[PDB]
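A.B. asks: Pasting a structure below so you can have a look.
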Amino acid sequence: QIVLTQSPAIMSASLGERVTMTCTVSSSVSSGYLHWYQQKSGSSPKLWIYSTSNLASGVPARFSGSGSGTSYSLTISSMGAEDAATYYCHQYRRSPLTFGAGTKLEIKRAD
Amino acid sequence: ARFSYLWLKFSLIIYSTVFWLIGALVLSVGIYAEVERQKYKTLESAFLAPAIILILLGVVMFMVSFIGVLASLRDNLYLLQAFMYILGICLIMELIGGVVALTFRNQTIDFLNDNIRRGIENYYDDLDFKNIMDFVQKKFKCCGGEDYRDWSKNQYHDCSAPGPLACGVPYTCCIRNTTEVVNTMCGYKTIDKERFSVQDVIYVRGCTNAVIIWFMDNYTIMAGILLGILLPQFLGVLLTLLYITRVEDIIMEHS
Amino acid sequence: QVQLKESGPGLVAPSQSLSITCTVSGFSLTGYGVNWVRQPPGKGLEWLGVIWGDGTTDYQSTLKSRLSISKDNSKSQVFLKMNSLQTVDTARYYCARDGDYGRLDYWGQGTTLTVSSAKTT
Amino acid sequence: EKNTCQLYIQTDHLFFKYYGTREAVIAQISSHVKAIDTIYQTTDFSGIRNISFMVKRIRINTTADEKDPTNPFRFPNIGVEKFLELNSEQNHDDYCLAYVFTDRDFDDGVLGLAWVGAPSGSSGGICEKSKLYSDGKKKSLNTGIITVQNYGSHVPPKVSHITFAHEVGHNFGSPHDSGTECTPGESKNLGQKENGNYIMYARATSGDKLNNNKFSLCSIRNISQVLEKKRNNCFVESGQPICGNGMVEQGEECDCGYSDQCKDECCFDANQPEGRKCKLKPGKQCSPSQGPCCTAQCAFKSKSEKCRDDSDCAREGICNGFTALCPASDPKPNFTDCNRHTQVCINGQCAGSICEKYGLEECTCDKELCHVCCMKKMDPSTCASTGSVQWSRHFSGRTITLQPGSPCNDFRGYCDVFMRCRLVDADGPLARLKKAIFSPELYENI
Ligand SMILES: *[C@@H]1O[C@H](CO)[C@@H](O[C@@H]2O[C@H](CO)[C@@H](O[C@H]3O[C@H](CO)[C@@H](O)[C@H](O[C@H]4O[C@H](CO)[C@@H](O)[C@H](O)[C@@H]4O)[C@@H]3O)[C@H](O)[C@H]2NC(C)=O)[C@H](O)[C@H]1NC(C)=O
Ligand SMILES: *[C@@H]1O[C@H](CO)[C@@H](O[C@@H]2O[C@H](CO)[C@@H](O[C@H]3O[C@H](CO)[C@@H](O)[C@H](O)[C@@H]3O)[C@H](O)[C@H]2NC(C)=O)[C@H](O)[C@H]1NC(C)=O
Ligand SMILES: CC(C)CCC[C@@H](C)[C@H]1CC[C@H]2[C@@H]3CC=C4C[C@@H](OC(=O)CCC(=O)O)CC[C@]4(C)[C@H]3CC[C@]12C
Ligand SMILES: CC(C)CCC[C@@H](C)[C@H]1CC[C@H]2[C@@H]3CC=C4C[C@@H](OC(=O)CCC(=O)O)CC[C@]4(C)[C@H]3CC[C@]12C
Ligand SMILES: CNC(=O)[C@H](Cc1ccccc1)NC(=O)[C@H](CC(C)C)[C@H](CSc1cccs1)C(=O)NO
Ligand SMILES: *[C@@H]1O[C@H](CO)[C@@H](O)[C@H](O)[C@H]1NC(C)=O
Ligand SMILES: [Ca+2]
Ligand SMILES: [Zn+2]
């Protein structure tokens, strides 16, 4: 049994900043078996990072994930204004396929 | 006419008596081998023993040649004709055996290998076949009948057997340079593994195939052996024709 | 390109069986596994089960009894069957392909699943 | 990319029909691969001192395939040229060589056909990619055929894996042997003729001569050019991780083969995506191919099950559920007997004779020469056997007969089943007669 703890739950970052996303697994799993998907509140979750180091097709290069073992991460060099989506950390090396709780993201704007 | 009787009579008498002595010697040797082998016989197998082969060959030669002697001496047309037809029958029988082998080579090789396997079943109890088999397996660079694997038939060379020689070829199949010391343990643990894995330790090819390969390779020697086997019989047949002509002249002149 | 599409009934009577088909295209199903991940309205992804390239299945332990996934390799269609869906079963049912290293690279649009004894209005 | 050639070997329906089972077909195919590897490794091909082979997919066609309309290999009558062409019509870019094993008779009794390699130009041979060629079809000419029967008689396996070596040598750039130096079978010198012709002969050798398993100097020199110009193109490192061959190794958890290879329900096949292929399915925690004590439903067995049977030094061996591999056997106590009572076990294997079980060393050692011999350790003071009265507390009076075959008197004898041992050299009646006559019998008899 594996649980993919994703922290923090809600991300509020202003435009152009650097926002990091952390996924911590219960037991260490292979580096290449963890991935990342965003879901823009009404769209199918598209693959963003696979093997935690290789980006997907048609994606910006500002996303730079990393991790190995028990803790993993996803880093954004420049917070893009269209990045409002729930980024999901995922593994299926061992059953069951466990999706992260979903680290929601919002753009911190003027009050 | 006079010169025909003396030389032909002496030739037939000498031929028949020489074959009589040779047949008696080989039959006595075969009988002695039978006695000294059945002394040590332990397991009942339908083995064509070398001693049995010698006995059969000796008895055939002895009886045919004794008919020849009792013909040539005592000058009997009936026994001379019997000698003629018996020698001719032996010749044609050997020839048809040769042609039937050249035809059914596959299963005459199968029959030879079956006899060799039955012999290596009595390998350790028939010392005559033992000596002949090791001599062939040494000089001809071969093991077993059709391969090294036929040694599994022997009781002491079976994977199921508990001895050290369990499915292991004898100390004669192993490759051994003349400037080397023979080791009994050379062929140990050989039968079970594949043919190519043991090509550098033991001889792999069978001795039947090795013998035919050598005979094809030494056709001068093969021709010499076949001539020495057949031509004396043909000479006896022709000499008997000549003596038949001489005795026909004799009965014509006496009448 | 390679696309996955799901056809769903949409409206499901409570305690009545469900059937969703994910007519895949662009890949040989014999060498790829098609997952089945549902999503409650505005909630996290939930995993139901998968059917592999050889027809083997591995469901979620809490939905093993009701779940049923089958496929026809020649027909290139993945079928998901659910039985006795309560009111909590409402979700968006996505079919995803198990790519290299278990990644869910390609997804379908998904079907909204509504469970309610109420009629249309 | 140093010394190994990956083979794609396929067997038609007649091969399976003769061999009956997939186990027999795979055993014969592995035997052919092993024979050809033994042939090639020893032959120093000038440039390289070791060229091994490693089959990557053993693809076997079942008799039921004969009814398939799109399979062109089901035709009972087919030319050798056409057979090789259809072998080449398939895509074989991912393979050093690709061979088809058949059991059909071919015209003029040919034992197969391959494609001649070349150092430069003349596309065809090892490490060959698909290309248009002529005739409008892309043919992968890293292909060769082989039949295990000629003139309606099945070819023995020595000749079969000699003609396999022939075909791979043609794929390796070695033409048929020519000249007195490289074809010793036709040489009139008897010493060289008895050696026999080499593998690369236009006519199939009997396989019973010395050179029938070896590559000639001509063939080795020809193969040297090809292996210096095209070796580092499709070859692989020795022991490289390449799954799907049915051999479990590092970098993988289990092996199945390809999609139409195994019926295992808990291991990903080769057609599965990268990372998942040749790995245990998520949830199935073990595989039967991994270890001998895994359930058919692919789960760790309980502690009740025991992998191995009775052993000469262990009882059964217990693995329980923590690893697929059965652990090291639990050895029986020191000085525990083995087969008959000739030796005893110490460290999981039995050796060092029996007599030290109660404590004494084995003597070297007329029927008393064949059972077992051992004295009190302080020198051969009493070299008596096991059943002797001098040992009335260790062996009591029990005698231990040696194995039938174990030699007496150093190594000039052999024990029989009757507690006796006769000389291995032996005399024999006819040889005794010869020695009694060839000796100066004039004074030897009188
Ligand atoms: C064991 O049985 C297998 C069947 O169960 C055999 O595999 C079959 O192999 C044949 C050809 O080798 C294949 O036929 C077609 O395969 C392709 C389908 O698209 C096609 O590419 C083939 O070749 C054609 O391609 C060119 C392209 O330009 C065409 O122009 C030509 O017309 C050319 O014919 C061919 O049409 C079968 O599909 C395939 N069956 C399966 C189930 O995969 C194995 O060959 C057989 N092996 C042995 C050793 O018995
Ligand atoms: C690749 O294999 C070729 C065999 O087909 C080989 O060609 C052969 O070479 C030998 C000499 O090595 C020739 O033998 C000729 O010369 C010797 C000298 O005594 C005698 O036996 C005869 O006079 C004979 O004519 C073969 O004739 C020749 N065969 C052919 C078909 O050309 C090549 O040499 C090999 N490649 C390399 C690089 O060595
Ligand atoms: C090696 C074995 C298997 C050969 C078997 C053949 C012989 C044992 C037999 C078969 C036919 C027999 C013959 C049948 C007829 C006659 C004719 C007979 O003629 C006479 O009595 C008158 C002529 C004369 O003066 O000889 C002489 C014996 C002979 C040759 C017989 C001799 C013995 C023969 C050759
Ligand atoms: C060794 C010297 C004394 C020459 C004598 C040779 C013959 C006595 C041998 C050589 C060829 C042998 C034959 C070779 C093959 C056959 C066929 C064989 O029958 C089959 O194989 C039938 C089935 C099939 O057709 O395959 C039975 C034994 C027989 C007659 C053998 C009998 C004994 C023969 C005639
Ligand atoms: C028992 N069968 C045979 O002895 C037949 C007889 C024969 C000889 C020459 C031509 C035709 C038939 N030889 C073969 O089977 C050869 C394979 C054996 C020797 C390993 C076979 C000869 S085919 C040809 C390719 C190019 C011209 S000829 C071969 O070398 N393939 O790579
Ligand atoms: C047998 O004796 C050796 C010492 O030589 C010891 O190491 C070994 O553990 C003993 N065997 C067993 C089963 O205890
Ligand atoms: Ca492997
Ligand atoms: Zn050839």
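The numbers here are math on the coordinates, done by the rules we state, and not lab data. Reconstructed Cβ throughout: ideal geometry from the backbone, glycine too, with neighbour counts over all protein chains shown.
A.B. asks: Going by what's in this entry, would D:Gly352 be described as more than 16 Å from ligand 4 (Cβ to nearest atom) and closer than 27 Å to D:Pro292 by Cα?
C.D. replies: When the stated conditions are applied, D:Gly352 does not pass them.
A.B. asks: For region C:41-55, give me each residue that is part of a loop (DSSP other than H, G, I, E, B) and within 18 Å of C:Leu104 (Cβ to Cβ).
C.D. replies: Answer for region C:41-55, where residues must be part of a loop (DSSP other than H, G, I, E, B) and within 18 Å of C:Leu104 (Cβ to Cβ): C:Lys43, C:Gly44, C:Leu45, C:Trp52, C:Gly53.
A.B. asks: Counting just the residues of region D:181-217 that are surrounded by fewer than 20 Cβ atoms within 10 Å (Cβ to Cβ) and hydroxyl-bearing (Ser, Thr, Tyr), which one comes out farthest from ligand 6 (Cβ to nearest atom)?
C.D. replies: D:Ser187
A.B. asks: Okay, moving on. Can you name the residue in region A:78-111 that is part of a loop (DSSP other than H, G, I, E, B) and touching a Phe, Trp or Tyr at 6+ places or on another chain (Cβ under 8 Å) and is also farthest from D:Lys279 (Cα to Cα) among such residues?
C.D. replies: A:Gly102
A.B. asks: Let me ask something additional. Within 16 Å of ligand 5 (Cβ to nearest atom) and either within 14 Å of chain D (Cβ to nearest Cβ) or closer than 30 Å to B:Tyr5 by Cα (or both), is that true of B:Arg74?
C.D. replies: Here the answer is no, as B:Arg74 does not meet what is asked.
A.B. asks: Restricting to region D:147-156, give me the number of residues that are touching a helix residue (DSSP H, G or I) at 6+ places or on another chain (Cβ under 6 Å) and surrounded by fewer than 24 Cβ atoms within 10 Å (Cβ to Cβ).
C.D. replies: The number of residues fulfilling the criteria is 2.
A.B. asks: Quick one: which of D:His161, D:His166 is within 15 Å of ligand 2 (Cβ to nearest atom), crowded, with 24+ Cβ neighbours inside 10 Å and part of a helix (DSSP H, G or I)?
C.D. replies: Going through D:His161, D:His166 in turn, the sole match is D:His166.
A.B. asks: Restricting to region D:172-210, what's the tally of residues that are out of contact with any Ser or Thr (no Cβ under 8 Å at 6 or more places or on another chain) and more than 14 Å from ligand 2 (Cβ to nearest atom)?
C.D. replies: 11
A.B. asks: For region D:130-172, name all the residues that are more than 12 Å from ligand 8 (Cβ to nearest atom), more than 14 Å from chain B (Cβ to nearest Cβ) and either under 25 Å from D:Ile29 (Cβ atoms) or among the hydroxyl-bearing types (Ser, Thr, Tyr) (or both).
C.D. replies: Scanning region D:130-172 gives D:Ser130, D:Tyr133, D:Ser134, D:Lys139, D:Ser140, D:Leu141, D:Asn142, D:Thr143, D:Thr147, D:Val148.
A.B. asks: Considering region B:103-115 alone, what residues qualify as being more than 7 Å from ligand 4 (Cβ to nearest atom), away from chain D (no Cβ under 14 Å) and either among the small types (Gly, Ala, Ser) or under 18 Å from the mean Cα position of the chain (by Cα) (or both)?
C.D. replies: Hits for region B:103-115 are B:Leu112, B:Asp114, B:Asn115.
A.B. asks: Scan A:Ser57, A:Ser51, A:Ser30, A:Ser43 and give me the residue that is within 27 Å of C:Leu4 (Cβ to Cβ), among the hydroxyl-bearing types (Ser, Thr, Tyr), over 14 Å from the mean Cα position of the chain (by Cα) and within 14 Å of chain D (Cβ to nearest Cβ).
C.D. replies: On inspection, the qualifying residue turns out to be A:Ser30.
A.B. asks: Give the residue, chosen from D:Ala328, D:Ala426, that is under 30 Å from B:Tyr123 (Cα atoms) and assigned to a loop (DSSP other than H, G, I, E, B).
C.D. replies: D:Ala426
A.B. asks: Another question, if that's okay. Out of curiosity, is B:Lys130 at the interface with another protein chain (Cβ under 9 Å from one of its Cβ atoms) and in a helix (DSSP H, G or I)?
C.D. replies: yes
A.B. asks: Kindly provide the set of residues from region A:5-18 that are surrounded by fewer than 20 Cβ atoms within 10 Å (Cβ to Cβ) and either within 9 Å of another protein chain (Cβ to nearest Cβ) or hydrophobic (A, V, I, L, M, F, W, C) (or both), ordered by number.
C.D. replies: Passing the criteria: A:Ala9, A:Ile10, A:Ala13, A:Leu15.
A.B. asks: Can I ask one more? Determine whether region B:199-206 contains at least one residue that is over 23 Å from B:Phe129 (Cβ atoms), of a type in the set (D, E, K, R) and surrounded by 14 or more Cβ atoms within 10 Å (Cβ to Cβ).
C.D. replies: no
A.B. asks: Just one of (1) out of contact with any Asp or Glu (no Cβ under 8 Å at 6 or more places or on another chain); (2) within 10 Å of chain C (Cβ to nearest Cβ); (3) crowded, with 18+ Cβ neighbours inside 10 Å trips up D:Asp260, so point out which.
C.D. replies: (3)
A.B. asks: Restricting to region A:84-111, name every residue that is of a type in the set (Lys, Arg), crowded, with 18+ Cβ neighbours inside 10 Å and more than 14 Å from chain D (Cβ to nearest Cβ).
C.D. replies: Selection gives A:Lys104 alone.
A.B. asks: Among the residues of region C:55-98, count how many are in contact with a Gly (Cβ under 9 Å, 6 or more places away or on another chain) and either closer than 14 Å to D:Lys281 by Cα or within 7 Å of another protein chain (Cβ to nearest Cβ) (or both).
C.D. replies: The qualifying residues number 7.
A.B. asks: Considering each of C:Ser70, C:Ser74 in turn, give the residue that is assigned to a loop (DSSP other than H, G, I, E, B) and surrounded by fewer than 14 Cβ atoms within 10 Å (Cβ to Cβ).
C.D. replies: None of the other options fit; the residue is C:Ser74.
A.B. asks: Then there is this: Which residue is nearest to ligand 1 (Cβ to nearest atom), if the candidates are limited to region D:131-171 and must be more than 30 Å from B:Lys193 (Cα to Cα) and among the small types (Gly, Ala, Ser)?
C.D. replies: Top of the filtered list is D:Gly136.
A.B. asks: Give the residues of region B:43-71 that are surrounded by fewer than 18 Cβ atoms within 10 Å (Cβ to Cβ), within 16 Å of ligand 4 (Cβ to nearest atom) and either within 14 Å of another protein chain (Cβ to nearest Cβ) or in a loop (DSSP other than H, G, I, E, B) (or both), sorted by residue number.
C.D. replies: B:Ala46, B:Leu48, B:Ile52, B:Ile53, B:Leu57
A.B. asks: Determine whether D:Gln343 is crowded, with 17+ Cβ neighbours inside 10 Å and within 30 Å of B:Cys167 (Cβ to Cβ).
C.D. replies: In short, yes.
A.B. asks: Any residue at all in region B:49-57 that is within 14 Å of ligand 3 (Cβ to nearest atom) and over 30 Å from B:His157 (Cα atoms)?
C.D. replies: yes
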